[PDB]
Amino acid sequence: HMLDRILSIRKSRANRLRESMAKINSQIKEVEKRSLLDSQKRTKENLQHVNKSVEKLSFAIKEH
Amino acid sequence: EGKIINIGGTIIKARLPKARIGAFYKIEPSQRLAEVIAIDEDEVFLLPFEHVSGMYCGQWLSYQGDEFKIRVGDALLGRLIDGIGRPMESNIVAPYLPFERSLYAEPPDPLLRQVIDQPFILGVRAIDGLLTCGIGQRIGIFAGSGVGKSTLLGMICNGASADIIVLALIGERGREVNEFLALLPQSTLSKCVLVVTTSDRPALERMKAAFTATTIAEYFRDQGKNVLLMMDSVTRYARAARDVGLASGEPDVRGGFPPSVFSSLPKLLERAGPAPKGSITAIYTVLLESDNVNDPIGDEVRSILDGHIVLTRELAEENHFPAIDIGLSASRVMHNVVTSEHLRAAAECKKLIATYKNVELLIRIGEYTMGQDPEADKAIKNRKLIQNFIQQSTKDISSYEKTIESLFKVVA
Amino acid sequence: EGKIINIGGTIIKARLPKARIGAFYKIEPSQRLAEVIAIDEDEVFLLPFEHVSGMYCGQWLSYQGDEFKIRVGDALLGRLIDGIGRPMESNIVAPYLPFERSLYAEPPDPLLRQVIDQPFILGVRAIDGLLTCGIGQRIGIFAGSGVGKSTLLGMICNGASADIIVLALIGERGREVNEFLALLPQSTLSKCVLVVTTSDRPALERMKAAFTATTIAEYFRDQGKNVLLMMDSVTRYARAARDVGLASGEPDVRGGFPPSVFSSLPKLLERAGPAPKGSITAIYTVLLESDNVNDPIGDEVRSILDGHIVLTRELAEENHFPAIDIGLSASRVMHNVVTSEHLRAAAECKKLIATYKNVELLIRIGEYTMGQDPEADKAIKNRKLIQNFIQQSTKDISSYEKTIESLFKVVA
Amino acid sequence: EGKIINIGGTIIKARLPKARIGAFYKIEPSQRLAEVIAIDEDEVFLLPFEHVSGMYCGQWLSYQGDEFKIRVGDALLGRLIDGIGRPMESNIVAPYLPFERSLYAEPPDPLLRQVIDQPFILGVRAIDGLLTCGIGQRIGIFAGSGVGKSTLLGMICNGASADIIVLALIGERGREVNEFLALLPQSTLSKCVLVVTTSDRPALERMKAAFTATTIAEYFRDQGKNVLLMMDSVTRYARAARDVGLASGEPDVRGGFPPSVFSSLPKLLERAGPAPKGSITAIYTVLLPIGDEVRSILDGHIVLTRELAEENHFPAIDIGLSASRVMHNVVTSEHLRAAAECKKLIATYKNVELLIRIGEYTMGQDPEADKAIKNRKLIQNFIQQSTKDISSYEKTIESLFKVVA
Amino acid sequence: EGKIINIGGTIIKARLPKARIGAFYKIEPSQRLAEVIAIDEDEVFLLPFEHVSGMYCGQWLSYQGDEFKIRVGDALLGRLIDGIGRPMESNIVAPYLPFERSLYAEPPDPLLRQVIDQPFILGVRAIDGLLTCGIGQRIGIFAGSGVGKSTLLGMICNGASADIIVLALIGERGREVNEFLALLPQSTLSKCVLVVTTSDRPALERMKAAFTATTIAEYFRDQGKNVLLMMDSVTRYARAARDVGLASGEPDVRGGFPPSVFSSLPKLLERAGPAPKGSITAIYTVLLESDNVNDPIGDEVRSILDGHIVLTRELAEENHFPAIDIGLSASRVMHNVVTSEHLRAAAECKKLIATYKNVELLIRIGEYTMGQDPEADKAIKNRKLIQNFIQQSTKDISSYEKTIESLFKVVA
Amino acid sequence: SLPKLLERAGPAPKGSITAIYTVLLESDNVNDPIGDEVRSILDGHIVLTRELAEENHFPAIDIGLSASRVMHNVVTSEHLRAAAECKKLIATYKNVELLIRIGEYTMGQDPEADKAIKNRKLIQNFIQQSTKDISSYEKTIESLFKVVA
Ligand SMILES: Nc1ncnc2c1ncn2[C@@H]1O[C@H](COP(=O)(O)OP(=O)(O)O)[C@@H](O)[C@H]1O
Ligand SMILES: Nc1ncnc2c1ncn2[C@@H]1O[C@H](COP(=O)(O)OP(=O)(O)O)[C@@H](O)[C@H]1O
Ligand SMILES: [Mg+2]
Ligand SMILES: [Mg+2]
């Protein structure tokens, strides 16, 4: 029953990495941006890493 | 004629020699009604519904007839009727109702109930373009609470292509019936018949209201019109029939429901199909809960009807009105109702919606770009016009040919 | 001969002595019949053929025949019959049916039944390829409500090549008589008896239609030809037997059901099958009350039939039509009717469908590399060829040679 | 007038001809009484109120009535009443009571319920500044255990613009009646008429306490007076009527309750509304199975939560998930839209306090949550006050209109 | 005065015409007593005080009393009493009890009960620092089997400061009467009355020991001093009364329990509490059927009792003793008793326990950056001080000032 | 009346009856009342699951749910040790199965999990057997010794 609680952390980790993606995408327009695209690149590969972490954990509920 | 012997709480006994079954009686001091459900040698069991605590030993009964009837006639267009078959209002004198029908009739001969081929124009672009009704199809809308069942239901009432509408609100409270029959205008109520009963009424009347509305619609069918019956909340009919069956004394078999509920749903809502003279298109509603996903009434209604609409809560949480989940919902008589080019267009739009759900969960995963799947890209670029085709405001009523024209637009 | 002393809604009690159990009687101020369920010293408990809602206490029972028998001949080929046995077609003249026989016959001798090893072509490509039938077996189609049973019977009736086809529509949607009748050509209806009862009909006639369909099938078996008995929802027989048994005072033993249901299913489902003279191949549909295969009556019917097809909603909502789950469905003559290379190829195709179902999450999120497991490699390689072999339309009937040819093509 | 057949623990059977269901009969040597639940052809199943010991085969039953009605008059103001109707204490003598009326009266059908006007002031400044309520409106309070609802009830008795205030402590504990009456003044008690009953008392009079209080409040409704009804713990009425129902013999349907309580609770709650004689403002408390059936049956839910009561923010109501359904028919449009914008000014703080718990949230463009941070303390001392802090209706309006600035 | 007609397992039935209820009779051949529990108009149900060894039909009965009374008095301290009332230790000389009292008295007038204001120092740090008890509060301890109800009464009874202690050991193992006397010092054994009945004793001793303990407690209450009453498994009273009443012709209602259990338990369980002179403060151990929430005898004891400590065995599985779940337990009478800063400290560290019970998961899963939740950052830093404040040893009793000092330094 | 049927089939002062009883369960649950009672009467149980029948693992014997009471008096000590270690390999792979199906298993942490992965195919084609195949006892135990290590 606590495996349902973990993706509530994993999906909320996804929302707090795509709102931060919207932070950098809002301030790539004003500019440092080459030093600032270094942060969205680690953000978006982690957002792909977090989205992969949900779809193998939301599919892991059906296996039980 | 006969006197009460005992009161067993919810069921009474009375000595009446050679009393028949199905009859209904007046308690002679008051004006109260009660039917017969079981016959012994001289001492018949007898089910009351209104009031029990005003009863003696030796209180008299009064005969009316063999089977309970209702007064049906062509003056019912625009009347709030009790579920037992009486006009509720007192501001008008009850008009000329000449005919005399019973509540228990039978469906027609199955070799006369023939195949349905014509479409039932509905106004909603989602139920009529992608899914399609037919004149004689019994739709069942499976909704929750707070998804927009009543707004869609008034959209059905207003923009339908029917001649006489017959509503039936079985278990309600007065704010909801006032909110719902205040929601549809006088041009709707000039053809509409209202069989309204509320949750404060006893269980026998909330059970007989479905029979009453079906009998009114059978009468307006037998003159040869396209009647549109709308039983609201067959769940609450089922709760009323559960209470009547358990008060009669009957072992529950599935989910706390007696066998009488499961055997009385088909002989209720098998009457509302095509006929050799006119036809009745019925549309029932089931309130599905998150507490019981099993819900035996929902499964049996899905097993009796033909074509269900599912209103999901996710499509209400994102603003997608009407909240019809296409692909989770379907109609059975569509492949012999619409043309072939519309049947190959509507399948491709549903396949585009399902493909878009898959491709959004594969595009946020990091493993999609444009070019390596042709079926994906066309769904990607047709997302917003498919969403402009499905979504429809309350006061935007479309015609059938405009729906098919916009559908042929939105597929290619 | 005897009066009535009780009417209870389903079972009526009659004070008439020396009544043989199984005999039937006529309520002589009417034209309705009743059959003796149980007796007492002089107080029989009997069950009416029509409804019970017009009866009273002192009402006589005149004596009729000692056992209810239907009339059967060769002139039933091409007719519409009820569950009692009397014809539905009024405009078609009454046939001359010279023979008569009772509905309760014993199965053949278990040594005179024979091992079945000739394949029965169904036309459905998945059943023929991966599963397969034998001329004489009793296969069953298990599904939820609205998953694809009736469609698969229509597909499997256009595909089958029997001599006589006896179709029983037991407790089903009364609209669908003309739809089953309009998907059949005339040269098929010239050899087809059609026993139709409807979900509105009372708990005896919806119970007794299975035995008259099986009796007509045994008649055309005893003429010496291989016939096909397709029965639509034997679970409606199960619900009717539950209601009659619980009205007759029997304990709940499993899931709502009395033990008389579980004792009366095997003789019905066992008098079909092989024989010393001819054979009847039976195909029963089973309506699982939720979307689970481990329903009480679904498990009880599965432990009696020899071969079971499981349709699941998870493939209906993916448009994987037909929804035949290859895993949970199996045939108990598969290894007996067919050659060894077909059996090897079918087993390998089933195994590589399973090993694709092992992997597909790693494909979805992009993790599975190519060359490390050849069984999963061949699964991923031949997926699209399999799911062009598994899906087929209702109009696509494929002969057995092209089926096993494409099966060898797809297994590699 | 009838001998007692046998004793079945909590059910008496008697041999007496022609009695109605609900007629209450009299154990004559001991002065106890017992009402009818079912009749046979000559024998009668009835059930006692009190304890059943001391009874034998052949005790007599005096008739003395055919349905139970309460001796109710104008002189009941300021007295302690049992759920049956007789007084509690013997220090005071029972005054003159001319009338008596039965506990049953049919409510009007819901198809023609009246319009609500005329704002009714309760005294707590939070709701009549934010979630107002009219005269004939019946209100449900959904509170918990240890949330401080007793002080809330005592302070909406104290400061209400009603000429009569009727409350029914139906099923309360032993100490809790003195715990409640310790926080009512004498000027309030000389306006109250109040029914008490404890869990000692039998379930039969513990369910007739509700009908007694509703009937007395209908009596004071007919004299041209605005009257307030309170029923504390409707759920304890529900469990009492449950115990009476399946003590008489009835299988249950939902939860553990028979359908008799589902036939009696809309009958008990559907009445007591906006009559033309000056009407009856009902406040019904439900603690957190049938709360769905109550919450869907009357207009206006007020929610008290432990998650808010763990701090010192009293009255412990949260406006973000409670609303009285009739405000546009009660209060003006200026007050309504100002109250609603203060509601969404509170509701945006809890979605931005959690974002200022973490160090990220700034100003610059968010016109709804930047106003909550500065104008927080005027909100948070507008929507709370002490037990004996009264705030009249002609102060909370301009106070709320200087809160919005 | 009558003959015995049958012997059951628990019950006797006799022919005593016009016998009262409560009137106890002795059996003329065999010296043993029995009291009347039901009437059946000629034929009475009696309940015997002992076993049924030799009980022949037609065995006589003789009138002894109209109700059963016990001998109480001030010369009862330091003694052991059974459920009937007689002393249980036999090597001692029999005392002199002056007065007699019936076991069925009435609770005090609710308008004359006092107001609970001052604390009852209990001894355990959790039920002093977090759920403070007042003098006159009725609390109950709710747990399953062997979760620690009797061990917590040992911890309370060891560090109790009451002027007189009545300990009722109702329907439990004979072994543990010496284990309770091993943790009673002489200063609190010189003023304690143990009413002990063992689980092997017959039904009405186990049914009337609760009434005997409450009668003794009301006697020493009416002398004018405050008294601690501690019942151990009042559920043993409840199921003794279940086995008595349910075998006396009385229906199952909610758990096997008759209505008489739910009629006689809220009268026993409420005649404690405050009073015009003196105050009984009561601690009722309650055993639960399963560890579920729908217990028909645990829920209504939870409802009619002002304060409850819930022991859950999920904390007894991680060896966290005492297993008090502070979120599931409450004390309605602590806001009237303690100071305001004591309330703030109690609420703050309950909030800290509730925070760490779900921040713990995202410490093990490596997702917790320090500082982003400061309250959780305060619930991780003070985890060890809390978990030494909450659980303590059995022999570790602590005074009230140390508990409030340690509470303040834990919260700060 | 079920123990006075099932107890008549066992060892005896002259002759013996070795009996094999097929037991159908009212669902797939083994805690059917008849399944539970006949499990508490008989001297060994072989529980066949439907998961292994759906995975085309035939015969579908679930090894963890199965037991044989008399085996420790029948087999040698070496054969009992090899049987226990093979059953522990099967249970180890059933532990790590969903973890490698999701995709977290990288080769190298556990010493027993790599042993399970390596001997997976040998264990599978030892347990899986065709219908028309029979083995002798010496070939069975030598194939057990070859599979287990
Ligand atoms: N083989 C199939 N191909 C396409 N659609 C199908 C197929 N089987 C079922 N369906 C869909 O299901 C509906 C009919 O289902 P049906 O088999 O009649 O359910 P039931 O078994 O409950 O009678 C049709 O509307 C159709 O769209
Ligand atoms: N405070 C405690 N400290 C340590 N162990 C305890 C404590 N309470 C209970 N236990 C353990 O749990 C078991 C149950 O104790 P007991 O109080 O007899 O439970 P109950 O009386 O409710 O059946 C005992 O065997 C004991 O070892
Ligand atoms: Mg079908
Ligand atoms: Mg103990």
# chains A, B, ... in the order shown; residues from 1 in each chain; ligands from 1
>>> residues_near_ligand(ligand="ligand 1", cutoff="6 Å", atoms="only C-alpha atoms and all ligand atoms", output="CSV table (one decimal) with N, CA, C and O atoms, in the first residue's frame")
chain,number,residue,atom,x,y,z
B,331,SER,N,-21.1,2.4,-28.7
B,331,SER,CA,-22.4,2.1,-29.0
B,331,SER,C,-22.4,0.8,-29.9
B,331,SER,O,-21.5,0.6,-30.7
B,332,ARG,N,-23.4,0.0,-29.7
B,332,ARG,CA,-23.4,-1.3,-30.4
B,332,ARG,C,-24.0,-1.2,-31.8
B,332,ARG,O,-23.5,-1.8,-32.7
C,145,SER,N,-19.5,-8.4,-19.4
C,145,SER,CA,-20.7,-7.9,-20.1
C,145,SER,C,-20.2,-7.0,-21.2
C,145,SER,O,-19.6,-6.0,-21.0
C,146,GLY,N,-20.6,-7.3,-22.5
C,146,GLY,CA,-20.3,-6.5,-23.6
C,146,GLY,C,-18.9,-6.5,-24.1
C,146,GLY,O,-18.4,-5.6,-24.6
C,147,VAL,N,-18.3,-7.7,-24.0
C,147,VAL,CA,-16.9,-7.9,-24.4
C,147,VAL,C,-16.7,-8.4,-25.8
C,147,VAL,O,-15.6,-8.2,-26.4
C,148,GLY,N,-17.7,-9.1,-26.4
C,148,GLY,CA,-17.5,-9.8,-27.6
C,148,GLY,C,-18.0,-11.2,-27.8
C,148,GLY,O,-17.6,-11.9,-28.7
C,149,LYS,N,-18.8,-11.7,-26.9
C,149,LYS,CA,-19.4,-13.0,-27.0
C,149,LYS,C,-20.3,-13.1,-28.2
C,149,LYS,O,-20.0,-13.9,-29.1
C,150,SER,N,-21.4,-12.4,-28.2
C,150,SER,CA,-22.4,-12.5,-29.3
C,150,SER,C,-21.7,-12.3,-30.7
C,150,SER,O,-22.0,-13.0,-31.7
C,151,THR,N,-20.8,-11.4,-30.8
C,151,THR,CA,-20.1,-11.2,-32.1
C,151,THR,C,-19.3,-12.4,-32.5
C,151,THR,O,-19.4,-12.8,-33.7
C,321,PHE,N,-9.4,-6.8,-31.5
C,321,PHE,CA,-10.6,-7.6,-31.7
C,321,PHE,C,-10.3,-8.7,-32.7
C,321,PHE,O,-9.8,-8.4,-33.7
C,322,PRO,N,-10.7,-10.0,-32.4
C,322,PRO,CA,-11.3,-10.5,-31.1
C,322,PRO,C,-10.5,-10.5,-29.9
C,322,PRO,O,-9.2,-10.6,-30.1
C,393,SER,N,-11.4,-9.3,-38.8
C,393,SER,CA,-12.7,-8.7,-38.8
C,393,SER,C,-13.8,-9.8,-38.8
C,393,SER,O,-13.6,-10.9,-39.0
C,394,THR,N,-15.1,-9.3,-38.6
C,394,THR,CA,-16.2,-10.2,-38.6
C,394,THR,C,-16.5,-10.8,-40.0
C,394,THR,O,-17.0,-11.9,-40.2
>>> residues_near_ligand(ligand="ligand 2", cutoff="10 Å", atoms="only C-alpha atoms and all ligand atoms", output="MDAnalysis selection string")
chainID E and resid 124 141:155 172:173 176 232:233 285:288 311 313 316:317 319:324 391:396
>>> interface_residues(of="chain B", to="chain D", cutoff="9 Å", atoms="only C-alpha atoms", output="VMD selection string")
chain B and resid 4 to 9 52 to 58 173 to 175 177 to 178 198 to 200 202 243 246 256
>>> select_by_dssp(residues="range 246-346 of chain D", states="strand (DSSP E)", output="list in words")
residues 280, 281, 282, 283, 284, 285, 286, 287, 301, 302 and 303 of chain D
>>> select_by_dssp(residues="chain A", states="alpha helix (DSSP H)", output="ChimeraX atom specification")
/A:3-26,33-55
>>> write_last_selection(atoms="C-alpha atoms", output="JSON list (two decimals), in the first residue's frame")
[["chain", "number", "residue", "atom", "x", "y", "z"],
["A", 3, "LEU", "CA", 4.14, 1.75, -3.10],
["A", 4, "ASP", "CA", 1.19, 3.97, -4.01],
["A", 5, "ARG", "CA", 2.77, 6.63, -1.80],
["A", 6, "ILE", "CA", 6.12, 6.56, -3.60],
["A", 7, "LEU", "CA", 4.90, 7.69, -7.03],
["A", 8, "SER", "CA", 3.09, 10.54, -5.28],
["A", 9, "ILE", "CA", 6.63, 11.63, -4.45],
["A", 10, "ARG", "CA", 7.90, 10.67, -7.92],
["A", 11, "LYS", "CA", 5.18, 12.60, -9.74],
["A", 12, "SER", "CA", 5.58, 15.60, -7.44],
["A", 13, "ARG", "CA", 9.30, 15.46, -8.18],
["A", 14, "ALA", "CA", 8.29, 15.64, -11.85],
["A", 15, "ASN", "CA", 6.11, 18.73, -11.32],
["A", 16, "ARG", "CA", 8.91, 20.47, -9.40],
["A", 17, "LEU", "CA", 11.30, 19.74, -12.29],
["A", 18, "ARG", "CA", 9.00, 20.91, -15.09],
["A", 19, "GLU", "CA", 8.07, 24.10, -13.28],
["A", 20, "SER", "CA", 11.82, 24.66, -12.95],
["A", 21, "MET", "CA", 12.07, 23.85, -16.65],
["A", 22, "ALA", "CA", 9.54, 26.64, -17.16],
["A", 23, "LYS", "CA", 11.74, 28.88, -15.00],
["A", 24, "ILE", "CA", 14.77, 28.49, -17.27],
["A", 25, "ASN", "CA", 12.65, 28.57, -20.44],
["A", 26, "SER", "CA", 11.24, 31.90, -19.23],
["A", 33, "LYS", "CA", 22.34, 31.72, -21.09],
["A", 34, "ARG", "CA", 25.11, 29.30, -22.11],
["A", 35, "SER", "CA", 25.85, 28.94, -18.40],
["A", 36, "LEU", "CA", 22.07, 28.79, -17.84],
["A", 37, "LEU", "CA", 21.31, 26.16, -20.48],
["A", 38, "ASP", "CA", 23.73, 23.97, -18.50],
["A", 39, "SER", "CA", 21.05, 23.86, -15.77],
["A", 40, "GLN", "CA", 18.04, 23.05, -17.98],
["A", 41, "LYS", "CA", 20.07, 20.31, -19.67],
["A", 42, "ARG", "CA", 20.58, 18.63, -16.30],
["A", 43, "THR", "CA", 16.94, 19.45, -15.54],
["A", 44, "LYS", "CA", 15.43, 17.93, -18.68],
["A", 45, "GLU", "CA", 17.55, 14.77, -18.54],
["A", 46, "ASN", "CA", 16.48, 14.41, -14.91],
["A", 47, "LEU", "CA", 12.88, 15.11, -15.92],
["A", 48, "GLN", "CA", 13.26, 12.32, -18.46],
["A", 49, "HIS", "CA", 14.83, 10.30, -15.64],
["A", 50, "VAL", "CA", 11.93, 11.09, -13.31],
["A", 51, "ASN", "CA", 9.29, 10.41, -15.99],
["A", 52, "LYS", "CA", 10.93, 7.04, -16.67],
["A", 53, "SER", "CA", 10.90, 6.44, -12.91],
["A", 54, "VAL", "CA", 7.11, 6.90, -12.80],
["A", 55, "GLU", "CA", 6.15, 4.79, -15.82]]
>>> residues_around(residues="residue 360 in chain E", least_positions_apart="4", cutoff="10 Å", atoms="only C-alpha atoms", output="PyMOL selection string")
chain E and resi 355-356+364-365+368+376+379-380
>>> write_last_selection(atoms="N, CA, C and O atoms", output="mmCIF file, in the first residue's frame")
data_model
loop_
_atom_site.group_PDB
_atom_site.id
_atom_site.type_symbol
_atom_site.label_atom_id
_atom_site.label_comp_id
_atom_site.auth_asym_id
_atom_site.auth_seq_id
_atom_site.Cartn_x
_atom_site.Cartn_y
_atom_site.Cartn_z
ATOM 1 N N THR E 355 4.337 14.144 12.000
ATOM 2 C CA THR E 355 5.183 14.533 10.878
ATOM 3 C C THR E 355 6.248 13.483 10.594
ATOM 4 O O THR E 355 6.462 13.112 9.431
ATOM 5 N N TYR E 356 6.907 12.965 11.634
ATOM 6 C CA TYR E 356 7.963 11.997 11.376
ATOM 7 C C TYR E 356 7.415 10.651 10.920
ATOM 8 O O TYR E 356 8.139 9.895 10.266
ATOM 9 N N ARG E 364 14.525 7.260 3.898
ATOM 10 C CA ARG E 364 15.055 5.998 3.402
ATOM 11 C C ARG E 364 15.199 6.018 1.886
ATOM 12 O O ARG E 364 16.278 5.725 1.358
ATOM 13 N N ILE E 365 14.132 6.343 1.169
ATOM 14 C CA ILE E 365 14.245 6.823 -0.201
ATOM 15 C C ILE E 365 15.012 8.133 -0.148
ATOM 16 O O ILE E 365 14.629 9.051 0.581
ATOM 17 N N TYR E 368 15.326 13.882 0.469
ATOM 18 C CA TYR E 368 15.064 14.884 1.502
ATOM 19 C C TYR E 368 16.268 15.815 1.549
ATOM 20 O O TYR E 368 17.316 15.453 2.089
ATOM 21 N N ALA E 376 9.561 19.385 9.549
ATOM 22 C CA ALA E 376 10.151 18.061 9.398
ATOM 23 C C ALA E 376 11.617 18.059 9.799
ATOM 24 O O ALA E 376 12.094 17.090 10.395
ATOM 25 N N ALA E 379 11.416 17.664 13.209
ATOM 26 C CA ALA E 379 10.910 16.351 13.580
ATOM 27 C C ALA E 379 11.917 15.237 13.345
ATOM 28 O O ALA E 379 11.623 14.083 13.664
ATOM 29 N N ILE E 380 13.085 15.551 12.792
ATOM 30 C CA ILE E 380 14.150 14.578 12.583
ATOM 31 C C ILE E 380 15.217 14.816 13.640
ATOM 32 O O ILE E 380 15.820 13.870 14.161
#
>>> residues_around(residues="residue 130 in chain F", least_positions_apart="2", cutoff="10 Å", atoms="only C-alpha atoms", output="PDB file with C-alpha atoms, in the first residue's frame")
ATOM      1  CA  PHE F  58       3.987 -27.223 -17.781  1.00  0.00           C
ATOM      2  CA  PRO F  59       3.564 -29.058 -15.405  1.00  0.00           C
ATOM      3  CA  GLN F 128       9.492 -28.267 -17.386  1.00  0.00           C
ATOM      4  CA  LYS F 132       4.997 -38.159 -23.359  1.00  0.00           C
ATOM      5  CA  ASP F 133       8.318 -38.052 -21.461  1.00  0.00           C
ATOM      6  CA  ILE F 134       9.307 -40.113 -18.427  1.00  0.00           C
TER       7      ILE F 134
END
>>> residues_around(residues="residue 71 in chain B", least_positions_apart="5", cutoff="12 Å", atoms="only C-alpha atoms", output="mmCIF file with N, CA and C atoms, in the first residue's frame")
data_model
loop_
_atom_site.group_PDB
_atom_site.id
_atom_site.type_symbol
_atom_site.label_atom_id
_atom_site.label_comp_id
_atom_site.auth_asym_id
_atom_site.auth_seq_id
_atom_site.Cartn_x
_atom_site.Cartn_y
_atom_site.Cartn_z
ATOM 1 N N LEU B 76 -51.343 14.881 -21.219
ATOM 2 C CA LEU B 76 -50.267 14.788 -20.243
ATOM 3 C C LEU B 76 -49.030 15.576 -20.637
ATOM 4 N N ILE B 81 -46.279 14.423 -12.810
ATOM 5 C CA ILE B 81 -47.109 13.301 -12.400
ATOM 6 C C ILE B 81 -46.411 12.597 -11.244
ATOM 7 N N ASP B 82 -47.194 12.112 -10.284
ATOM 8 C CA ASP B 82 -46.675 11.239 -9.245
ATOM 9 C C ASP B 82 -46.201 9.927 -9.863
ATOM 10 N N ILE B 84 -46.933 7.030 -8.805
ATOM 11 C CA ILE B 84 -48.018 6.058 -8.775
ATOM 12 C C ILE B 84 -49.026 6.368 -9.882
ATOM 13 N N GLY B 85 -48.911 7.544 -10.498
ATOM 14 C CA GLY B 85 -49.710 7.865 -11.664
ATOM 15 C C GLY B 85 -50.709 8.987 -11.471
ATOM 16 N N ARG B 86 -50.477 9.851 -10.487
ATOM 17 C CA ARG B 86 -51.423 10.919 -10.202
ATOM 18 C C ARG B 86 -50.806 12.275 -10.536
ATOM 19 N N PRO B 87 -51.601 13.241 -10.996
ATOM 20 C CA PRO B 87 -51.070 14.602 -11.158
ATOM 21 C C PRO B 87 -50.831 15.250 -9.801
ATOM 22 N N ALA B 94 -57.509 18.284 -13.415
ATOM 23 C CA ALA B 94 -56.962 17.154 -14.167
ATOM 24 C C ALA B 94 -57.754 16.931 -15.449
ATOM 25 N N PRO B 95 -57.129 17.032 -16.623
ATOM 26 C CA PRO B 95 -57.891 17.031 -17.878
ATOM 27 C C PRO B 95 -58.415 15.664 -18.277
ATOM 28 N N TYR B 96 -58.958 15.588 -19.487
ATOM 29 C CA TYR B 96 -59.601 14.376 -19.969
ATOM 30 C C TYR B 96 -58.577 13.305 -20.329
ATOM 31 N N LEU B 97 -58.439 12.306 -19.455
ATOM 32 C CA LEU B 97 -57.577 11.146 -19.659
ATOM 33 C C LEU B 97 -58.479 9.946 -19.911
ATOM 34 N N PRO B 98 -58.785 9.614 -21.168
ATOM 35 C CA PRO B 98 -59.807 8.588 -21.420
ATOM 36 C C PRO B 98 -59.339 7.154 -21.242
ATOM 37 N N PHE B 99 -58.100 6.832 -21.583
ATOM 38 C CA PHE B 99 -57.668 5.446 -21.640
ATOM 39 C C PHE B 99 -57.239 4.953 -20.263
ATOM 40 N N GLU B 100 -57.112 3.634 -20.148
ATOM 41 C CA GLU B 100 -56.957 2.981 -18.851
ATOM 42 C C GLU B 100 -55.931 1.868 -19.037
ATOM 43 N N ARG B 101 -54.666 2.173 -18.782
ATOM 44 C CA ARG B 101 -53.592 1.214 -18.968
ATOM 45 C C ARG B 101 -53.069 0.727 -17.629
ATOM 46 N N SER B 102 -52.571 -0.501 -17.625
ATOM 47 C CA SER B 102 -51.871 -1.036 -16.472
ATOM 48 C C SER B 102 -50.374 -0.790 -16.608
ATOM 49 N N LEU B 103 -49.676 -0.906 -15.484
ATOM 50 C CA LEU B 103 -48.246 -0.649 -15.450
ATOM 51 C C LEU B 103 -47.423 -1.824 -15.956
ATOM 52 N N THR B 212 -44.509 3.664 -14.488
ATOM 53 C CA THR B 212 -45.400 4.737 -14.913
ATOM 54 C C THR B 212 -44.863 5.459 -16.137
ATOM 55 N N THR B 215 -45.034 3.281 -19.169
ATOM 56 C CA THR B 215 -46.394 3.126 -19.677
ATOM 57 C C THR B 215 -46.858 4.366 -20.436
ATOM 58 N N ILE B 216 -46.497 5.560 -19.946
ATOM 59 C CA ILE B 216 -46.784 6.791 -20.688
ATOM 60 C C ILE B 216 -46.072 6.784 -22.036
ATOM 61 N N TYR B 219 -47.772 4.415 -24.447
ATOM 62 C CA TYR B 219 -48.974 5.021 -25.010
ATOM 63 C C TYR B 219 -48.637 6.007 -26.117
#
